[PDB]
Amino acid sequence: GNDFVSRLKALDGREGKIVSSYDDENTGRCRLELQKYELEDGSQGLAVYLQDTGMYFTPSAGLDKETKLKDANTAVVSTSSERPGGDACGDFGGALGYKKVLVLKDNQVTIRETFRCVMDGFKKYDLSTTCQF
């Protein structure tokens with residue numbers, strides 16, 4: 001918990017290189033940006049972004065009261081992709097077992113989303129971006 005956040009803030013503002021991404025149309029570069037935000041219940045959160053990647057979907061994670069560590073280096077930062085009008089599977093919804101994790105180890109930051117899509121044969125998706133600092 002405390003060490004995870006401390007290690008994360010230690011990389012804030014640093015410039016790195018994209019090791020891998022589900023999105024091959026990127027700059028090859030990535031910058032960690034942290035930003036405080038307020039939750040609707042007045043709670044304090046910490047937003048994590050991989051900036052400068054050129055990706056249409058900015059890798060993002062929100063650290064808040066709901067965040068739990070799966071292991072010392074891995075935070076579960078979302079368990080739902082539900083948006084107004086759909087979810088991670090696009091329109092019509094159908095995202096099943098959606099999980100987003102933020103992995104921090106080896107001076108790398110990874111944001112990884114995993115889910116299955118019902119209205120498409122329960123196809124499995126594993127979409128991650130990893131930045132090496």
# chains A, B, ... in the order shown; residues from 1 in each chain; ligands from 1

$ residues_around --residues "residue 116 of chain A" --least-positions-apart "3" --cutoff "10 Å" --atoms "only C-alpha atoms" --output "PDB file with C-alpha atoms, in the first residue's frame"
ATOM      1  CA  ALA A  88     -15.279  -2.382 -22.672  1.00  0.00           C
ATOM      2  CA  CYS A  89     -16.993  -4.488 -25.377  1.00  0.00           C
ATOM      3  CA  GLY A  94     -21.489  -7.637 -22.717  1.00  0.00           C
ATOM      4  CA  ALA A  95     -18.189  -7.251 -20.842  1.00  0.00           C
ATOM      5  CA  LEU A  96     -17.740 -10.163 -18.463  1.00  0.00           C
ATOM      6  CA  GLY A  97     -15.191 -10.464 -15.687  1.00  0.00           C
ATOM      7  CA  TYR A  98     -13.688  -7.073 -16.495  1.00  0.00           C
ATOM      8  CA  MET A 119     -22.258 -10.788 -27.473  1.00  0.00           C
ATOM      9  CA  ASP A 120     -19.138 -11.964 -29.331  1.00  0.00           C
ATOM     10  CA  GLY A 121     -18.654 -15.600 -28.361  1.00  0.00           C
ATOM     11  CA  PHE A 122     -17.059 -14.864 -24.964  1.00  0.00           C
ATOM     12  CA  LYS A 123     -13.870 -13.831 -26.767  1.00  0.00           C
ATOM     13  CA  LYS A 124     -11.111 -13.012 -24.288  1.00  0.00           C
ATOM     14  CA  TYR A 125      -9.361  -9.632 -24.421  1.00  0.00           C
ATOM     15  CA  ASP A 126      -6.052  -8.847 -22.695  1.00  0.00           C
TER      16      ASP A 126
END

$ select_by_dssp --residues "chain A" --states "alpha helix (DSSP H)" --output "VMD selection string"
chain A and resid 2 to 11

$ residues_around --residues "residue 8 of chain A" --least-positions-apart "6" --cutoff "10 Å" --atoms "only C-alpha atoms" --output "list in words"
residues 2, 32, 33, 34, 48, 103, 104, 105, 107, 108 and 109 of chain A

$ write_last_selection --atoms "N, CA and C atoms" --output "PDB file, in the first residue's frame"
ATOM      1  N   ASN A   2       1.454   1.571   1.146  1.00  0.00           N
ATOM      2  CA  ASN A   2       2.285   2.768   1.242  1.00  0.00           C
ATOM      3  C   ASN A   2       3.478   2.690   0.300  1.00  0.00           C
ATOM      4  N   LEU A  32       4.884   9.197 -17.258  1.00  0.00           N
ATOM      5  CA  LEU A  32       3.962   8.979 -16.153  1.00  0.00           C
ATOM      6  C   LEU A  32       3.464  10.323 -15.628  1.00  0.00           C
ATOM      7  N   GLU A  33       2.148  10.462 -15.510  1.00  0.00           N
ATOM      8  CA  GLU A  33       1.543  11.666 -14.942  1.00  0.00           C
ATOM      9  C   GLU A  33       0.552  11.257 -13.874  1.00  0.00           C
ATOM     10  N   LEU A  34       0.739  11.759 -12.659  1.00  0.00           N
ATOM     11  CA  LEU A  34      -0.200  11.522 -11.576  1.00  0.00           C
ATOM     12  C   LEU A  34      -0.989  12.793 -11.323  1.00  0.00           C
ATOM     13  N   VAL A  48      -3.656   7.971 -12.539  1.00  0.00           N
ATOM     14  CA  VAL A  48      -2.372   7.573 -13.101  1.00  0.00           C
ATOM     15  C   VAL A  48      -2.550   7.516 -14.603  1.00  0.00           C
ATOM     16  N   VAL A 103       0.289  -2.410 -12.670  1.00  0.00           N
ATOM     17  CA  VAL A 103       1.457  -3.165 -12.208  1.00  0.00           C
ATOM     18  C   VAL A 103       2.648  -2.229 -12.155  1.00  0.00           C
ATOM     19  N   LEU A 104       3.377  -2.271 -11.049  1.00  0.00           N
ATOM     20  CA  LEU A 104       4.515  -1.400 -10.818  1.00  0.00           C
ATOM     21  C   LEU A 104       5.659  -2.265 -10.319  1.00  0.00           C
ATOM     22  N   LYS A 105       6.637  -2.501 -11.185  1.00  0.00           N
ATOM     23  CA  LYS A 105       7.785  -3.316 -10.802  1.00  0.00           C
ATOM     24  C   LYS A 105       8.868  -3.095 -11.836  1.00  0.00           C
ATOM     25  N   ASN A 107      10.831  -0.797 -12.442  1.00  0.00           N
ATOM     26  CA  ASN A 107      10.750   0.545 -13.023  1.00  0.00           C
ATOM     27  C   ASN A 107       9.889   0.564 -14.276  1.00  0.00           C
ATOM     28  N   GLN A 108       8.943  -0.363 -14.353  1.00  0.00           N
ATOM     29  CA  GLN A 108       7.948  -0.396 -15.406  1.00  0.00           C
ATOM     30  C   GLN A 108       6.580  -0.144 -14.799  1.00  0.00           C
ATOM     31  N   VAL A 109       5.745   0.544 -15.554  1.00  0.00           N
ATOM     32  CA  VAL A 109       4.339   0.699 -15.221  1.00  0.00           C
ATOM     33  C   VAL A 109       3.536   0.012 -16.300  1.00  0.00           C
TER      34      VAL A 109
END

$ residues_around --residues "segment 41-47 of chain A" --least-positions-apart "4" --cutoff "9 Å" --atoms "only C-alpha atoms" --output "PyMOL selection string"
chain A and resi 33-37+60-65

$ write_last_selection --atoms "N, CA and C atoms" --output "mmCIF file, in the first residue's frame"
data_model
loop_
_atom_site.group_PDB
_atom_site.id
_atom_site.type_symbol
_atom_site.label_atom_id
_atom_site.label_comp_id
_atom_site.auth_asym_id
_atom_site.auth_seq_id
_atom_site.Cartn_x
_atom_site.Cartn_y
_atom_site.Cartn_z
ATOM 1 N N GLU A 33 2.148 10.462 -15.510
ATOM 2 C CA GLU A 33 1.543 11.666 -14.942
ATOM 3 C C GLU A 33 0.552 11.257 -13.874
ATOM 4 N N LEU A 34 0.739 11.759 -12.659
ATOM 5 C CA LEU A 34 -0.200 11.522 -11.576
ATOM 6 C C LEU A 34 -0.989 12.793 -11.323
ATOM 7 N N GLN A 35 -2.257 12.636 -10.963
ATOM 8 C CA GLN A 35 -3.100 13.795 -10.697
ATOM 9 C C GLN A 35 -4.095 13.442 -9.609
ATOM 10 N N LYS A 36 -4.151 14.269 -8.567
ATOM 11 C CA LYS A 36 -5.154 14.072 -7.532
ATOM 12 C C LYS A 36 -6.538 14.393 -8.084
ATOM 13 N N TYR A 37 -7.541 13.662 -7.603
ATOM 14 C CA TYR A 37 -8.919 13.983 -7.942
ATOM 15 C C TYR A 37 -9.822 13.661 -6.760
ATOM 16 N N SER A 60 -4.795 4.570 -18.348
ATOM 17 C CA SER A 60 -5.206 5.300 -17.163
ATOM 18 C C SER A 60 -5.587 4.336 -16.053
ATOM 19 N N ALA A 61 -5.392 4.777 -14.816
ATOM 20 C CA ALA A 61 -5.839 4.003 -13.677
ATOM 21 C C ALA A 61 -6.224 4.959 -12.563
ATOM 22 N N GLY A 62 -7.248 4.591 -11.809
ATOM 23 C CA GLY A 62 -7.656 5.397 -10.679
ATOM 24 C C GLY A 62 -7.453 4.668 -9.372
ATOM 25 N N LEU A 63 -6.598 5.210 -8.517
ATOM 26 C CA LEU A 63 -6.359 4.657 -7.197
ATOM 27 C C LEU A 63 -7.292 5.322 -6.201
ATOM 28 N N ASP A 64 -8.012 4.513 -5.432
ATOM 29 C CA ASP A 64 -8.997 5.087 -4.523
ATOM 30 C C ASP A 64 -9.222 4.118 -3.365
ATOM 31 N N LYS A 65 -10.309 4.348 -2.623
ATOM 32 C CA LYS A 65 -10.648 3.506 -1.483
ATOM 33 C C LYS A 65 -10.950 2.078 -1.906
#

$ residues_around --residues "residue 25 of chain A" --least-positions-apart "4" --cutoff "10 Å" --atoms "only C-alpha atoms" --output "list in words"
residues 21, 53, 54, 55 and 56 of chain A

$ write_last_selection --atoms "C-alpha atoms" --output "PDB file, in the first residue's frame"
ATOM      1  CA  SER A  21       1.100  -2.121 -26.142  1.00  0.00           C
ATOM      2  CA  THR A  53       2.015   7.680 -26.183  1.00  0.00           C
ATOM      3  CA  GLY A  54      -0.029   8.897 -29.115  1.00  0.00           C
ATOM      4  CA  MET A  55      -2.634   6.268 -28.259  1.00  0.00           C
ATOM      5  CA  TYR A  56      -6.288   7.058 -28.818  1.00  0.00           C
TER       6      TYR A  56
END

$ atom_distance --atom1 "atom CA of residue 3 of chain A" --atom2 "atom CA of residue 67 of chain A"
14.2 Å

$ residues_around --residues "residue 76 of chain A" --least-positions-apart "3" --cutoff "9 Å" --atoms "only C-alpha atoms" --output "list in words"
residues 63, 66, 67, 68, 69, 70, 79, 99, 100, 101, 102 and 103 of chain A

$ residues_around --residues "segment 4-7 of chain A" --least-positions-apart "3" --cutoff "8 Å" --atoms "only C-alpha atoms" --output "ChimeraX atom specification"
/A:1,10-11,72-73,104

$ closest_residue --among "A:82, A:20, A:129, A:31" --to "residue 49 of chain A" --atoms "only C-alpha atoms"
A:31

$ closest_residue --among "A:51, A:75, A:131, A:117" --to "residue 90 of chain A" --atoms "only C-alpha atoms"
A:117

$ select_by_dssp --residues "chain A" --states "strand (DSSP E)" --output "MDAnalysis selection string"
chainID A and resid 15:21 29:38 44:51 60:63 68:71 74:78 86:87 90:91 95:105 108:117 123:132
